[PDB]
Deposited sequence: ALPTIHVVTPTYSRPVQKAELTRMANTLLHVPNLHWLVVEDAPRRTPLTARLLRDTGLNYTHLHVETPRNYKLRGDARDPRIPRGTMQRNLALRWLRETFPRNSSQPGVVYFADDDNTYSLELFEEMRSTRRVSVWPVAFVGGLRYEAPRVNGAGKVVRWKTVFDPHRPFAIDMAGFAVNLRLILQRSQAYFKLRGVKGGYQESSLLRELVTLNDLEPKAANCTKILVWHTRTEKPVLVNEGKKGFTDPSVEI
């Protein structure tokens, strides 16, 4: 009966990739009824990702689509959306929640417990976004979302980061043609390009104690210095990192 959380994670090949997927998987391993939809930004599925997913024992679906200034991960998230629509019928009976989780963010276990009951669309505060310690939806005493507490373009339809919301799968299946915009995308308007088609502000479900707590962090990982590898390479290229 517990709704399935479909975690959509775009990823790509770069030094820290395996490390990111490892600590993310270590977090996800704690979450019951979780389906990890990993979409690689590559011409084909890589063995590094295939083996890592296989070895976790997690329930996953491994897809891939290569990106030919559109937001990072867009075509990959869109592929996941189309995959969901091709896999689950509009008015199916298998309850689900969809969450777009980038591979470098930090997620608390409480975050998933909060989003699991999503009826339409849920929202919550996200740390380290918009040049602030955290952005958060503005909720009134009645528990309704009435605005957004941000500095960067506070009046966007939905001034919230990708990691700050989840959508009941039913809405995704019903609005079969709703995808993230990649063409005319404005600064920080991609989230709105999708949400605007799915739900209205007043129907949002505020989580994290009426959006007063931070349960997810927009952490970024520093690029490793590989200067000592030289032009010829020092370490064994066949050793996976």
property	result
Regions left out of the model, expressed as runs of the deposited sequence counted from 1	69 to 80
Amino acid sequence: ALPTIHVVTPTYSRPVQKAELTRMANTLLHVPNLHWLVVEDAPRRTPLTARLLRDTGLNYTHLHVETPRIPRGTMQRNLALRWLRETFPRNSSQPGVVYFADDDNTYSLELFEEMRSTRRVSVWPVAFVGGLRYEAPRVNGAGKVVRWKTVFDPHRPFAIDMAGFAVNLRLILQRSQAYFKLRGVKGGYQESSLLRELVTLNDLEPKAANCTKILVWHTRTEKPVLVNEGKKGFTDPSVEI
From here on, numbers count along this sequence of modelled residues.
item: Per the entry, higher mean C-alpha B factor between 84 to 92 and 70 to 78; value: 84 to 92
item: Selected stretch [higher average CA B-factor]: 20 to 28 or 217 to 225; value: 217 to 225
item: Options 113, 153, 102, 161 - largest CA temperature factor per the record; value: 153
item: Of the residues 175, 51, 183, 35, the one carrying the largest Cα B-factor as recorded; value: 183
item: Chain-relative CA temperature factor third for residue 142; value: highest
item: Relative C-alpha B-factor of residue 60, binned into the chain's lowest, middle or highest third; value: lowest
item: Third of the chain's Cα B-factor distribution that residue 7 belongs to, per the entry; value: lowest
item: Residue 107 - which third its CA temperature factor falls in, relative to the rest of the chain; value: lowest
item: Third assignment of residue 149 from its chain's C-alpha B-factors; value: highest
